[PDB]
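Listing of upload-v4.cif, mmCIF, C-alpha atoms and all ligand atoms
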data_coords
loop_
_atom_site.label_atom_id
_atom_site.label_comp_id
_atom_site.auth_asym_id
_atom_site.auth_seq_id
_atom_site.Cartn_x
_atom_site.Cartn_y
_atom_site.Cartn_z
CA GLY A 1 -30.14 24.74 7.83
CA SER A 2 -31.50 23.50 11.15
CA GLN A 3 -32.22 26.21 13.71
CA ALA A 4 -29.36 24.86 15.82
CA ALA A 5 -27.00 25.10 12.85
CA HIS A 6 -28.19 28.64 12.18
CA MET A 7 -27.43 30.02 15.63
CA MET A 8 -23.96 28.48 15.69
CA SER A 9 -23.14 29.79 12.23
CA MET A 10 -20.81 32.24 13.96
CA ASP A 11 -19.65 30.17 16.91
CA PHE A 12 -16.87 28.48 14.92
CA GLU A 13 -13.30 29.58 14.29
CA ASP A 14 -10.79 28.47 11.70
CA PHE A 15 -7.98 26.49 13.34
CA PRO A 16 -4.49 25.77 11.93
CA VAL A 17 -4.41 22.44 10.10
CA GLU A 18 -0.84 21.87 11.31
CA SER A 19 -2.23 21.84 14.86
CA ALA A 20 -4.76 19.14 13.97
CA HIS A 21 -3.21 16.59 16.33
CA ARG A 22 -4.01 18.98 19.17
CA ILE A 23 -7.73 18.66 18.48
CA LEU A 24 -7.63 14.88 18.33
CA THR A 25 -6.87 14.53 22.08
CA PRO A 26 -6.31 13.34 24.75
CA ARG A 27 -4.46 10.26 23.49
CA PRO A 28 -3.09 7.10 25.13
CA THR A 29 0.57 7.62 25.99
CA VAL A 30 2.67 4.49 25.63
CA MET A 31 6.33 3.66 26.05
CA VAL A 32 7.60 1.65 23.11
CA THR A 33 10.62 -0.56 23.69
CA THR A 34 12.93 -1.84 20.97
CA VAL A 35 16.50 -3.11 20.64
CA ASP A 36 19.20 -2.42 18.10
CA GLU A 37 21.17 -5.24 16.47
CA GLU A 38 23.65 -5.27 19.38
CA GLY A 39 20.79 -5.90 21.78
CA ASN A 40 20.76 -2.44 23.31
CA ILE A 41 17.37 -1.58 24.79
CA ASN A 42 15.68 1.67 23.82
CA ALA A 43 12.48 3.10 25.28
CA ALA A 44 10.44 6.15 24.34
CA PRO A 45 6.89 7.48 24.84
CA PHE A 46 4.41 7.87 22.00
CA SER A 47 0.92 9.35 21.99
CA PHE A 48 0.15 8.86 18.13
CA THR A 49 -1.14 5.38 18.52
CA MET A 50 -4.19 3.23 17.81
CA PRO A 51 -5.43 -0.29 17.31
CA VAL A 52 -6.13 -1.21 13.70
CA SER A 53 -7.35 -4.79 13.42
CA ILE A 54 -8.90 -6.81 16.22
CA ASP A 55 -8.39 -10.28 14.73
CA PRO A 56 -5.70 -10.64 13.48
CA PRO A 57 -4.41 -8.22 16.15
CA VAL A 58 -2.68 -5.29 14.45
CA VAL A 59 -1.71 -2.11 16.27
CA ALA A 60 -0.15 1.11 15.02
CA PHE A 61 1.81 4.13 16.20
CA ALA A 62 3.54 7.02 14.45
CA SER A 63 7.18 7.93 15.00
CA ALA A 64 9.61 10.40 13.58
CA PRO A 65 11.72 8.42 11.14
CA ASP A 66 14.93 9.57 12.86
CA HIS A 67 14.03 8.25 16.33
CA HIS A 68 15.96 5.32 17.76
CA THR A 69 12.59 3.62 17.97
CA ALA A 70 11.97 4.03 14.25
CA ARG A 71 15.46 2.90 13.25
CA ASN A 72 15.49 -0.05 15.66
CA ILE A 73 12.21 -1.39 14.29
CA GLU A 74 13.50 -1.01 10.76
CA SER A 75 16.47 -3.22 11.66
CA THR A 76 15.10 -5.70 14.22
CA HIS A 77 11.47 -5.62 13.16
CA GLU A 78 10.01 -5.82 16.68
CA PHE A 79 8.73 -3.62 19.47
CA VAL A 80 6.67 -3.75 22.62
CA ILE A 81 3.94 -1.24 23.42
CA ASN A 82 3.80 -0.57 27.18
CA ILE A 83 0.81 1.13 28.81
CA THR A 84 1.64 4.05 31.09
CA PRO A 85 -0.09 4.11 34.53
CA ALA A 86 -0.21 7.52 36.22
CA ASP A 87 1.95 6.28 39.11
CA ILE A 88 5.03 6.49 36.86
CA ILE A 89 4.06 9.47 34.67
CA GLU A 90 7.13 11.45 35.70
CA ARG A 91 9.34 8.47 34.87
CA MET A 92 7.91 7.83 31.41
CA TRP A 93 8.39 11.53 30.77
CA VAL A 94 12.11 11.11 31.41
CA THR A 95 12.32 8.37 28.79
CA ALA A 96 11.65 11.17 26.31
CA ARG A 97 14.95 12.90 26.98
CA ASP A 98 17.45 12.69 24.15
CA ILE A 99 19.54 9.84 25.55
CA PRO A 100 22.52 8.66 23.43
CA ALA A 101 21.86 5.82 21.00
CA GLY A 102 22.51 2.39 22.49
CA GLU A 103 21.74 3.68 25.99
CA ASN A 104 18.69 2.35 27.84
CA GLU A 105 16.51 5.28 28.93
CA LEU A 106 14.59 2.92 31.21
CA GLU A 107 17.67 3.01 33.44
CA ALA A 108 17.72 6.81 33.62
CA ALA A 109 13.98 6.72 34.30
CA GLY A 110 14.40 4.35 37.20
CA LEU A 111 12.14 1.86 35.46
CA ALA A 112 12.64 -1.89 35.22
CA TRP A 113 12.20 -4.31 32.35
CA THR A 114 11.85 -8.05 31.99
CA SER A 115 12.01 -10.38 29.00
CA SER A 116 9.07 -10.64 26.61
CA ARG A 117 7.57 -14.00 25.67
CA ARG A 118 7.83 -13.81 21.88
CA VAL A 119 10.08 -10.88 20.96
CA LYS A 120 13.55 -9.52 21.75
CA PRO A 121 12.70 -6.07 23.17
CA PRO A 122 11.60 -6.10 26.85
CA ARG A 123 8.36 -5.41 28.67
CA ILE A 124 8.46 -2.60 31.24
CA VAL A 125 7.85 -4.00 34.72
CA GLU A 126 5.95 -0.96 35.97
CA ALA A 127 3.63 -1.20 32.94
CA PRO A 128 0.29 -3.01 33.64
CA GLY A 129 -0.16 -4.01 30.01
CA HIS A 130 2.17 -5.02 27.20
CA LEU A 131 1.70 -5.64 23.51
CA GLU A 132 4.55 -7.65 21.95
CA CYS A 133 4.60 -6.78 18.27
CA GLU A 134 6.27 -7.87 15.06
CA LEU A 135 6.76 -5.27 12.38
CA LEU A 136 4.19 -5.38 9.61
CA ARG A 137 4.83 -2.23 7.56
CA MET A 138 6.57 1.13 8.04
CA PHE A 139 4.67 3.45 5.72
CA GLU A 140 6.21 6.94 5.58
CA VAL A 141 3.58 9.69 6.00
CA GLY A 142 4.61 13.33 6.03
CA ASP A 143 6.95 13.96 8.95
CA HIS A 144 6.22 10.59 10.59
CA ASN A 145 6.42 6.87 9.83
CA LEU A 146 3.15 5.01 10.28
CA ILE A 147 4.27 1.80 11.94
CA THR A 148 1.87 -1.13 12.17
CA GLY A 149 2.62 -4.39 13.89
CA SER A 150 1.17 -7.81 14.49
CA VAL A 151 0.57 -8.47 18.15
CA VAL A 152 2.13 -11.89 18.68
CA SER A 153 1.75 -11.73 22.44
CA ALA A 154 -0.05 -9.72 25.12
CA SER A 155 0.38 -9.66 28.88
CA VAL A 156 -1.13 -7.76 31.79
CA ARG A 157 -0.27 -7.13 35.42
CA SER A 158 -2.37 -8.89 38.04
CA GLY A 159 -5.44 -6.74 38.65
CA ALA A 160 -5.07 -4.61 35.53
CA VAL A 161 -8.06 -6.22 33.81
CA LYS A 162 -11.69 -5.65 34.80
CA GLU A 163 -14.25 -7.66 32.83
CA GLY A 164 -11.90 -8.08 29.90
CA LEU A 165 -11.12 -4.36 29.73
CA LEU A 166 -8.19 -2.32 31.03
CA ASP A 167 -9.13 -1.56 34.63
CA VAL A 168 -8.67 2.17 34.09
CA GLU A 169 -9.96 2.95 37.59
CA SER A 170 -7.07 0.94 39.00
CA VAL A 171 -4.44 1.52 36.32
CA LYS A 172 -5.26 5.20 35.70
CA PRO A 173 -3.73 5.29 32.17
CA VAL A 174 -1.84 8.44 31.19
CA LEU A 175 -3.31 10.32 28.23
CA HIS A 176 -1.44 13.05 26.36
CA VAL A 177 -3.17 16.36 25.65
CA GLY A 178 -0.12 18.08 24.23
CA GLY A 179 3.24 19.35 25.46
CA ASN A 180 3.55 18.55 29.18
CA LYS A 181 -0.19 18.42 29.82
CA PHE A 182 -1.85 15.07 30.45
CA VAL A 183 -5.10 13.51 31.49
CA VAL A 184 -5.37 10.61 33.92
CA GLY A 185 -8.06 8.35 32.51
CA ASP A 186 -9.65 6.97 35.68
CA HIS A 187 -13.12 8.45 35.08
CA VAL A 188 -15.44 5.61 34.14
CA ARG A 189 -18.82 6.65 32.75
CA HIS A 190 -21.17 4.05 31.27
CA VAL A 191 -23.73 4.93 28.64
CA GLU A 192 -26.77 2.97 29.38
CA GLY B 1 17.81 -9.27 35.97
CA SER B 2 17.26 -6.19 38.12
CA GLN B 3 15.87 -6.89 41.59
CA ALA B 4 12.64 -5.17 40.55
CA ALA B 5 12.38 -7.43 37.51
CA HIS B 6 13.05 -10.46 39.68
CA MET B 7 10.22 -9.86 42.15
CA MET B 8 7.69 -9.23 39.38
CA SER B 9 8.74 -12.33 37.48
CA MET B 10 5.43 -13.84 38.57
CA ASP B 11 3.22 -10.76 38.62
CA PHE B 12 2.44 -10.99 34.89
CA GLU B 13 -0.27 -12.91 33.08
CA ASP B 14 -0.62 -13.88 29.45
CA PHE B 15 -3.42 -11.91 27.80
CA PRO B 16 -5.29 -12.75 24.56
CA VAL B 17 -3.69 -11.03 21.57
CA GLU B 18 -7.13 -10.58 19.99
CA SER B 19 -8.01 -8.37 22.96
CA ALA B 20 -4.97 -6.16 22.38
CA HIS B 21 -7.06 -3.09 21.58
CA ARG B 22 -8.49 -3.35 25.09
CA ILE B 23 -5.05 -2.76 26.60
CA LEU B 24 -4.33 0.23 24.39
CA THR B 25 -6.99 2.41 26.10
CA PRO B 26 -8.72 4.73 26.80
CA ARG B 27 -8.92 6.21 23.29
CA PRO B 28 -10.35 9.43 21.81
CA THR B 29 -13.86 8.78 20.56
CA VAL B 30 -14.75 10.74 17.45
CA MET B 31 -17.77 10.95 15.19
CA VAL B 32 -16.74 10.76 11.56
CA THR B 33 -19.08 12.32 9.00
CA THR B 34 -19.15 11.44 5.31
CA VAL B 35 -21.58 11.63 2.40
CA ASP B 36 -22.45 9.17 -0.33
CA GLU B 37 -22.57 10.22 -3.98
CA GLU B 38 -26.20 11.35 -3.60
CA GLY B 39 -25.14 13.71 -0.83
CA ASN B 40 -26.64 11.72 2.01
CA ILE B 41 -24.92 12.47 5.32
CA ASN B 42 -23.63 9.60 7.43
CA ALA B 43 -22.16 9.83 10.93
CA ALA B 44 -20.57 7.21 13.16
CA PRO B 45 -18.26 7.07 16.19
CA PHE B 46 -14.73 5.68 16.05
CA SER B 47 -12.20 5.13 18.82
CA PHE B 48 -9.31 3.58 16.60
CA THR B 49 -7.84 6.87 15.68
CA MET B 50 -4.58 8.83 15.79
CA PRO B 51 -2.64 11.67 14.28
CA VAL B 52 0.14 10.59 11.94
CA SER B 53 1.96 13.60 10.51
CA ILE B 54 2.00 17.07 12.02
CA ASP B 55 3.10 19.00 8.93
CA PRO B 56 1.71 18.11 6.43
CA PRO B 57 -1.30 17.33 8.68
CA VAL B 58 -2.28 13.68 8.23
CA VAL B 59 -4.69 11.89 10.53
CA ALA B 60 -5.85 8.28 10.63
CA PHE B 61 -8.66 6.08 11.89
CA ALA B 62 -9.61 2.43 11.39
CA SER B 63 -13.01 1.30 10.17
CA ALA B 64 -14.63 -1.95 9.26
CA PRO B 65 -14.56 -2.06 5.47
CA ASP B 66 -18.33 -2.67 5.36
CA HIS B 67 -19.32 0.46 7.30
CA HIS B 68 -21.12 3.27 5.50
CA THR B 69 -18.21 5.41 6.61
CA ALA B 70 -15.69 3.17 4.88
CA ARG B 71 -17.71 2.89 1.67
CA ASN B 72 -18.54 6.61 1.54
CA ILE B 73 -14.88 7.58 1.83
CA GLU B 74 -13.98 5.11 -0.89
CA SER B 75 -16.46 6.85 -3.21
CA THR B 76 -16.34 10.52 -2.20
CA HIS B 77 -12.84 10.57 -0.76
CA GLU B 78 -13.62 12.92 2.14
CA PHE B 79 -14.59 12.88 5.80
CA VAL B 80 -14.70 15.09 8.85
CA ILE B 81 -13.44 13.99 12.25
CA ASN B 82 -15.58 15.51 15.02
CA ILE B 83 -14.42 15.57 18.65
CA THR B 84 -16.93 14.27 21.18
CA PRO B 85 -17.50 16.41 24.33
CA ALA B 86 -19.01 14.57 27.30
CA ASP B 87 -22.14 16.74 27.20
CA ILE B 88 -23.38 14.76 24.17
CA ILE B 89 -21.93 11.32 24.98
CA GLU B 90 -25.35 9.68 24.96
CA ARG B 91 -26.08 11.24 21.57
CA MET B 92 -22.86 10.16 19.89
CA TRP B 93 -23.58 6.69 21.23
CA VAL B 94 -26.85 6.68 19.29
CA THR B 95 -25.02 7.45 16.06
CA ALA B 96 -23.61 3.94 16.42
CA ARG B 97 -26.97 2.27 15.91
CA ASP B 98 -27.33 0.43 12.63
CA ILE B 99 -29.26 3.13 10.77
CA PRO B 100 -30.22 2.37 7.12
CA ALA B 101 -27.78 3.51 4.44
CA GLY B 102 -28.50 7.00 3.14
CA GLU B 103 -30.10 7.99 6.45
CA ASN B 104 -28.45 10.65 8.60
CA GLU B 105 -27.87 9.26 12.10
CA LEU B 106 -27.18 12.79 13.32
CA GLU B 107 -30.93 13.35 13.01
CA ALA B 108 -31.79 10.33 15.15
CA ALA B 109 -29.16 11.48 17.64
CA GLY B 110 -30.69 14.92 17.92
CA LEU B 111 -27.41 16.44 16.76
CA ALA B 112 -26.97 19.28 14.30
CA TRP B 113 -24.53 19.78 11.45
CA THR B 114 -23.34 22.71 9.39
CA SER B 115 -21.33 22.96 6.18
CA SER B 116 -17.57 22.44 6.22
CA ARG B 117 -15.20 24.96 4.67
CA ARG B 118 -13.30 22.70 2.26
CA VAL B 119 -15.14 19.38 2.01
CA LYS B 120 -18.63 18.03 1.29
CA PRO B 121 -19.41 16.14 4.52
CA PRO B 122 -20.60 18.38 7.41
CA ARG B 123 -19.16 19.41 10.75
CA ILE B 124 -21.23 18.50 13.80
CA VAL B 125 -22.44 21.64 15.55
CA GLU B 126 -22.20 20.19 19.05
CA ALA B 127 -18.58 19.19 18.36
CA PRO B 128 -15.95 21.68 19.69
CA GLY B 129 -13.35 20.61 17.15
CA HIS B 130 -13.44 19.47 13.55
CA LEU B 131 -10.85 18.06 11.18
CA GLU B 132 -11.88 18.32 7.51
CA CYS B 133 -10.00 15.60 5.67
CA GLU B 134 -9.32 14.43 2.14
CA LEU B 135 -8.69 10.75 1.61
CA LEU B 136 -5.04 9.83 1.29
CA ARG B 137 -4.99 6.02 1.37
CA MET B 138 -7.29 3.20 2.51
CA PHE B 139 -4.89 0.40 3.40
CA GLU B 140 -6.71 -2.83 4.34
CA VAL B 141 -5.36 -4.35 7.58
CA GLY B 142 -6.90 -7.50 8.99
CA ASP B 143 -10.55 -6.88 9.82
CA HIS B 144 -10.24 -3.09 9.42
CA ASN B 145 -9.27 -0.50 6.81
CA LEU B 146 -6.55 1.89 7.94
CA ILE B 147 -7.78 5.20 6.59
CA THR B 148 -5.43 8.18 6.50
CA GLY B 149 -6.39 11.64 5.37
CA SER B 150 -4.91 15.04 4.71
CA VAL B 151 -6.38 17.68 6.96
CA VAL B 152 -7.28 20.47 4.55
CA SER B 153 -9.13 22.45 7.19
CA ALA B 154 -9.58 22.61 10.96
CA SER B 155 -12.07 24.52 13.08
CA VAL B 156 -12.86 24.83 16.76
CA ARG B 157 -15.72 26.13 18.87
CA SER B 158 -15.19 29.39 20.74
CA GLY B 159 -13.48 28.54 24.02
CA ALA B 160 -12.41 25.03 23.03
CA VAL B 161 -8.74 25.99 22.78
CA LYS B 162 -6.50 26.74 25.76
CA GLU B 163 -2.94 27.80 24.89
CA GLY B 164 -3.09 26.10 21.51
CA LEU B 165 -4.32 22.82 22.99
CA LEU B 166 -7.80 21.31 23.25
CA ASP B 167 -9.22 22.82 26.43
CA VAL B 168 -10.00 19.39 27.86
CA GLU B 169 -11.09 20.89 31.18
CA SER B 170 -13.83 22.76 29.32
CA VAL B 171 -14.53 20.32 26.49
CA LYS B 172 -14.22 17.14 28.57
CA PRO B 173 -13.47 14.85 25.57
CA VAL B 174 -15.03 11.39 25.60
CA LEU B 175 -12.53 8.52 25.62
CA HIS B 176 -13.49 4.91 24.88
CA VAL B 177 -12.33 2.16 27.21
CA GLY B 178 -14.30 -0.61 25.54
CA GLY B 179 -17.93 -1.61 25.10
CA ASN B 180 -20.13 1.01 26.79
CA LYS B 181 -17.47 2.17 29.24
CA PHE B 182 -15.86 5.56 28.74
CA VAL B 183 -13.54 8.03 30.38
CA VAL B 184 -14.15 11.77 30.47
CA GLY B 185 -10.76 13.35 29.89
CA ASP B 186 -11.02 16.51 32.00
CA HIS B 187 -8.18 15.63 34.40
CA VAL B 188 -5.24 17.88 33.59
CA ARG B 189 -1.95 16.92 35.19
CA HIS B 190 1.27 18.69 34.20
CA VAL B 191 4.64 17.03 34.50
CA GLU B 192 7.04 19.61 35.61
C1 LIG C 201 3.82 12.15 26.08
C2 LIG C 201 4.71 12.04 24.84
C3 LIG C 201 4.25 11.56 23.65
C4 LIG C 201 5.07 11.45 22.45
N1 LIG C 201 4.51 10.95 21.30
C5 LIG C 201 5.27 10.85 20.21
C6 LIG C 201 4.69 10.32 18.96
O1 LIG C 201 3.51 9.94 18.86
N2 LIG C 201 5.53 10.26 17.90
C7 LIG C 201 6.91 10.67 17.91
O2 LIG C 201 7.52 10.55 16.89
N3 LIG C 201 7.46 11.17 19.08
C8 LIG C 201 6.71 11.27 20.18
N4 LIG C 201 7.24 11.76 21.37
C9 LIG C 201 8.67 12.20 21.43
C10 LIG C 201 9.63 11.02 21.63
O3 LIG C 201 9.32 10.22 22.77
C11 LIG C 201 11.09 11.53 21.77
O4 LIG C 201 11.48 12.19 20.53
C12 LIG C 201 12.12 10.46 22.11
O5 LIG C 201 13.42 11.08 22.26
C13 LIG C 201 12.29 9.39 21.06
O6 LIG C 201 13.28 8.45 21.53
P1 LIG C 201 14.10 7.49 20.58
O7 LIG C 201 14.97 8.34 19.68
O8 LIG C 201 15.01 6.70 21.59
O9 LIG C 201 13.12 6.62 19.84
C14 LIG C 201 6.45 11.89 22.56
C15 LIG C 201 6.92 12.39 23.81
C16 LIG C 201 6.11 12.49 24.95
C17 LIG C 201 6.68 13.03 26.24
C1 LIG C 202 -17.38 4.50 21.24
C2 LIG C 202 -17.37 3.75 19.91
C3 LIG C 202 -16.24 3.58 19.17
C4 LIG C 202 -16.19 2.87 17.90
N1 LIG C 202 -15.00 2.75 17.23
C5 LIG C 202 -14.97 2.10 16.08
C6 LIG C 202 -13.71 1.97 15.34
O1 LIG C 202 -12.63 2.45 15.74
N2 LIG C 202 -13.77 1.28 14.17
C7 LIG C 202 -14.96 0.69 13.62
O2 LIG C 202 -14.85 0.12 12.57
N3 LIG C 202 -16.15 0.82 14.30
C8 LIG C 202 -16.20 1.47 15.46
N4 LIG C 202 -17.39 1.61 16.17
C9 LIG C 202 -18.65 1.02 15.64
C10 LIG C 202 -19.31 1.91 14.57
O3 LIG C 202 -19.55 3.24 15.03
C11 LIG C 202 -20.66 1.29 14.12
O4 LIG C 202 -20.39 0.01 13.48
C12 LIG C 202 -21.47 2.15 13.17
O5 LIG C 202 -22.72 1.48 12.86
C13 LIG C 202 -20.81 2.43 11.83
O6 LIG C 202 -21.70 3.26 11.06
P1 LIG C 202 -21.64 3.38 9.48
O7 LIG C 202 -21.98 2.03 8.89
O8 LIG C 202 -22.79 4.40 9.16
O9 LIG C 202 -20.26 3.88 9.10
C14 LIG C 202 -17.45 2.31 17.42
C15 LIG C 202 -18.62 2.49 18.20
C16 LIG C 202 -18.64 3.18 19.42
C17 LIG C 202 -19.93 3.33 20.20
NI NI C 203 16.81 6.34 22.46
NI NI C 204 12.74 -9.49 10.37
NI NI C 205 -24.66 4.82 8.49
NI NI C 206 -11.54 11.98 -5.31
#
Transcribe the structure of this file into structure tokens.
Ligand SMILES: Cc1cc2nc3c(=O)[nH]c(=O)nc-3n(C[C@H](O)[C@H](O)[C@H](O)COP(=O)(O)O)c2cc1C
Ligand SMILES: Cc1cc2nc3c(=O)[nH]c(=O)nc-3n(C[C@H](O)[C@H](O)[C@H](O)COP(=O)(O)O)c2cc1C
Ligand code: NI
Ligand code: NI
Ligand code: NI
Ligand code: NI
Amino acid sequence: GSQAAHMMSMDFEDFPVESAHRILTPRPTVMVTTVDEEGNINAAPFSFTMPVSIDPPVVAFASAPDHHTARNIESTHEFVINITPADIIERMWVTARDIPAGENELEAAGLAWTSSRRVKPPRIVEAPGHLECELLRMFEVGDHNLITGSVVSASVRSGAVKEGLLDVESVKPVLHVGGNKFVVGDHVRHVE
Amino acid sequence: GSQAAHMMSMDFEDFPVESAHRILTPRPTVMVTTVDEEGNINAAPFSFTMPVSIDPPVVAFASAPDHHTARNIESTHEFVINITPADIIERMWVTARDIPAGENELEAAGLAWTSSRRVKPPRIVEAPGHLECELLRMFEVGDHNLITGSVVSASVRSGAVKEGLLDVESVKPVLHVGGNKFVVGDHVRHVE
């Protein structure tokens, strides 16, 4: 092997495969909003998320199949991904509490919501960026449901975009490390 | 609507749906290694990635179908996800150059690799965390291929784990904002 490879031959440790998600971090933490058939708003944070296709715009996120978010999407086929700025990190955290079905956790979080342009579920006012999505497919994978969706509409808060990109320095997106540990992503470093 | 919703009724702007991935940021940037049938090592960075299932461990990442990474997985059905620490950000960036097929971009990047425990493709020495994966499914989605994989093995560098989580403070994982802009995720903030 290469000399570098040779001297590190002992620097590695086996790590539990069921803790794999803890190595693939930090991850963007988003609040996903949905509605049930009665129109009740539901909101919850998710950190297993990622874009999939640029054009057509298709995004994805993984949810436990039992979550209100999972079940609402299965029945109303829509959801809005809301970016989480650090200024409301404690509030998004509250939206994770196990609030009764049909109840809007945005209320208990002291967050506000406004209508979306193309879908039923709302956009969170405090969120600087929103991705209005239409269900594509809900593939079941292990203990989660891989949910992909077509982005039919996108909106941003004034000043949240810098040169076409999310103005992280301003927005300071919340990233999940694991448990109650997070990373505020306001550290811009260009490669050039 | 709520008073908060009312005063923000004009604070939002429509945003191109084909720029949706730019709102869902910053994202973990990983170098995925694979091999072709001849055993040639290939390495490339990806920022559309996310865990999917915790147990069984299933991870995912999106790649252009034409990439060497996509084609290698299709033929050898394996790949290793390698976390990118900020100390080699310029080097991982080089692995993105359009190096000829069959050529190992790790070499041109001045990076080293060592054998994996369960799969053919290698683990990058400079990477503090590795996820050895076996292809699960390569669902085509728009202009990308959603690739999921079973994590058959995981390994970390000594000191890269703090209380079961990726020691971001030490590792300083590289997060992609878009283009050549990144975020070093070494800003731990607990919610409590
Ligand atoms: C930062 C953070 C990230 C989370 N990410 C996920 C995730 O990716 N997938 C998931 O299934 N649950 C995730 N959760 C847990 C859910 O938010 C939680 O189970 C919530 O009660 C679900 O609400 P619902 O039943 O109204 O959908 C996360 C929680 C927090 C605090
Ligand atoms: C920070 C960063 C993130 C990237 N993320 C992705 C991604 O998620 N999906 C993708 O298809 N290409 C992505 N790319 C581009 C590929 O790395 C690039 O096309 C590379 O040449 C692919 O190599 P391959 O053909 O050897 O697989 C990214 C590049 C950089 C610098
Ligand atoms: Ni709920
Ligand atoms: Ni429908
Ligand atoms: Ni290549
Ligand atoms: Ni095979």
- Message: Give me, as a ChimeraX atom specification, all polymer residues having an atom no more than 6 Å from residue A:176, counting all atoms listed in the file and skipping those fewer than 6 positions away in the same chain.
- Response: /A:26-27,29,182
Dump the neighbourhood of ligand NI 203 (chain C) as a PDB file with C-alpha atoms, in the frame of the given file: all residues within 12 Å, distances computed on only C-alpha atoms and all ligand atoms.
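Done, and the output landed in out.pdb:
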ATOM      1  CA  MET A  31       6.330   3.660  26.050  1.00  0.00           C
ATOM      2  CA  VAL A  32       7.600   1.650  23.110  1.00  0.00           C
ATOM      3  CA  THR A  33      10.620  -0.560  23.690  1.00  0.00           C
ATOM      4  CA  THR A  34      12.930  -1.840  20.970  1.00  0.00           C
ATOM      5  CA  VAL A  35      16.500  -3.110  20.640  1.00  0.00           C
ATOM      6  CA  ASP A  36      19.200  -2.420  18.100  1.00  0.00           C
ATOM      7  CA  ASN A  40      20.760  -2.440  23.310  1.00  0.00           C
ATOM      8  CA  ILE A  41      17.370  -1.580  24.790  1.00  0.00           C
ATOM      9  CA  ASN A  42      15.680   1.670  23.820  1.00  0.00           C
ATOM     10  CA  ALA A  43      12.480   3.100  25.280  1.00  0.00           C
ATOM     11  CA  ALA A  44      10.440   6.150  24.340  1.00  0.00           C
ATOM     12  CA  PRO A  45       6.890   7.480  24.840  1.00  0.00           C
ATOM     13  CA  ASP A  66      14.930   9.570  12.860  1.00  0.00           C
ATOM     14  CA  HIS A  67      14.030   8.250  16.330  1.00  0.00           C
ATOM     15  CA  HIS A  68      15.960   5.320  17.760  1.00  0.00           C
ATOM     16  CA  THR A  69      12.590   3.620  17.970  1.00  0.00           C
ATOM     17  CA  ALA A  70      11.970   4.030  14.250  1.00  0.00           C
ATOM     18  CA  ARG A  71      15.460   2.900  13.250  1.00  0.00           C
ATOM     19  CA  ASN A  72      15.490  -0.050  15.660  1.00  0.00           C
ATOM     20  CA  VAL A  94      12.110  11.110  31.410  1.00  0.00           C
ATOM     21  CA  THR A  95      12.320   8.370  28.790  1.00  0.00           C
ATOM     22  CA  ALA A  96      11.650  11.170  26.310  1.00  0.00           C
ATOM     23  CA  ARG A  97      14.950  12.900  26.980  1.00  0.00           C
ATOM     24  CA  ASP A  98      17.450  12.690  24.150  1.00  0.00           C
ATOM     25  CA  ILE A  99      19.540   9.840  25.550  1.00  0.00           C
ATOM     26  CA  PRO A 100      22.520   8.660  23.430  1.00  0.00           C
ATOM     27  CA  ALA A 101      21.860   5.820  21.000  1.00  0.00           C
ATOM     28  CA  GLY A 102      22.510   2.390  22.490  1.00  0.00           C
ATOM     29  CA  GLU A 103      21.740   3.680  25.990  1.00  0.00           C
ATOM     30  CA  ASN A 104      18.690   2.350  27.840  1.00  0.00           C
ATOM     31  CA  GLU A 105      16.510   5.280  28.930  1.00  0.00           C
ATOM     32  CA  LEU A 106      14.590   2.920  31.210  1.00  0.00           C
ATOM     33  CA  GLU A 107      17.670   3.010  33.440  1.00  0.00           C
ATOM     34  CA  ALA A 108      17.720   6.810  33.620  1.00  0.00           C
TER      35      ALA A 108
END
Quiz item: Nearest to ligand LIG 202 (chain C) among B:155, B:82, B:63, B:145, with distances taken over all atoms listed in the file: which residue is it?
Solution: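 The closest residue to ligand LIG 202 (chain C) is B:63.
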*Between atom CA of residue B:78 and atom CA of residue B:158, measure the distance and give it in Å to one decimal.*
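We find that atom CA of residue B:78 and atom CA of residue B:158 lie 24.9 Å from each other.
Remark: for ligand LIG 201 (chain C), the closest of the candidate residues A:30, A:64, A:83, A:127 is A:64 (distances computed over only C-alpha atoms and all ligand atoms).
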ask   = Once you count all atoms listed in the file, which residues end up within 8 Å of ligand NI 204 (chain C), and could you hand them over as a list in words?
value =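 So, counting all atoms listed in the file, the residues near ligand NI 204 (chain C) are residues 75, 76, 77, 78 and 135 of chain A.
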Expressed in Å, the length from atom CA of residue A:185 to atom CA of residue A:173 is 5.3 Å
(message) Could you tell me how far atom CA of residue A:50 sits from atom CA of residue B:65, in Å to one decimal place?
(response)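 One can read the atom CA of residue B:65 to atom CA of residue A:50 distance as 17.0 Å.
For the choices A:163, A:143, A:87, A:169, the atom-to-atom distance to chain B is smallest for A:143 when using all atoms listed in the file.
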query: Of the candidates B:174, B:62, B:146, B:7, which shows the shortest atom-to-atom distance to residue B:91, using all atoms listed in the file?
result: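 Checking each candidate against residue B:91, we get B:174 as the closest.
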### Task
Could you pull out every residue with an atom within 10 Å of (5.6, -4.4, 14.0), file coordinates, counting all atoms listed in the file, and send them as a PyMOL selection string?
chain A and resi 58-61+73-74+76-80+132-138+147-152
Notebook entry, point to check: Near residue B:5, within 12 Å and counting only C-alpha atoms, which residues show up once chain neighbours fewer than 6 positions away are dropped, as a PyMOL selection string?
Noted result: (chain A and resi 110-116+122-127) or (chain B and resi 11-12)
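Closest approach to chain B among A:139, A:167, A:88, A:189 is made by A:189 (distances from only C-alpha atoms).
Comparing the minimum interatomic distances between ligand LIG 201 (chain C) and each of B:53, B:3, B:180, B:9, counting all atoms listed in the file, we find that B:53 sits nearest.
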